[PDB]
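sequence plus experimental coordinates follow:
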There are 2 protein chains.
Amino acid sequence: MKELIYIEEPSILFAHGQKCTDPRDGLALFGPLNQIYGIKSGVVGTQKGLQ
Amino acid sequence: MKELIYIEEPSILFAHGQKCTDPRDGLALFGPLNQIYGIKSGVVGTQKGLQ
């Protein structure tokens, strides 16, 4: 029987210096690192695409 | 003894459709038209320049 060693899952920083594993949880809990003030979206498409 | 024609001051629009003659006062009372969410400022210079 061969030994399967374990590599612990690393944690990724988030807002306030906190660390979590899943982005989908670290973002929901604390939020992203740096702050932008907003996204001015530009859309290049048809009218139906814009809708 | 010559006629001097008067030209009425033109109004510059501002936020919420309000028009004022002075750009500064119109900005203060009403504000600009489009709402950019912020200014991600970029600085290119020395340390004292950034300070």
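Yep, it's here. Residues are numbered from 1 along each chain as shown, chains lettered A, B, ... in the order given.

give me the residues contacting stretch A:24-38.
A:12-16, A:18-20, B:36-40 (C-beta atoms under 8 Å, 6 or more residues apart in numbering or on different chains). Where C-beta positions appear, they are placed from N, C-alpha and C, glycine not excepted.

list the buried ones in that stretch?
Buried positions in stretch A:24-38, judged by neighbour count with 16 or more other C-beta atoms under 10 Å in any protein chain shown: A:26, A:30.

and that stretch, how far out from the chain middle?
7 Å (C-alpha atoms, centre = their mean, to the nearest Å).

picking up where we left off before, narrow the contacts of stretch A:24-38 to those in strands?
A:12, A:13, A:19, A:20 (DSSP state E).

which residues touch the first one?
The one in question is residue A:12. A:19, A:20, A:21, A:23, A:26.

so which strand or helix has residue A:28?
Using DSSP states H and E, residue A:28 sits within helix A:23-29.

cool, and residue A:10?
Using DSSP H and E, residue A:10 falls outside every helix and strand.
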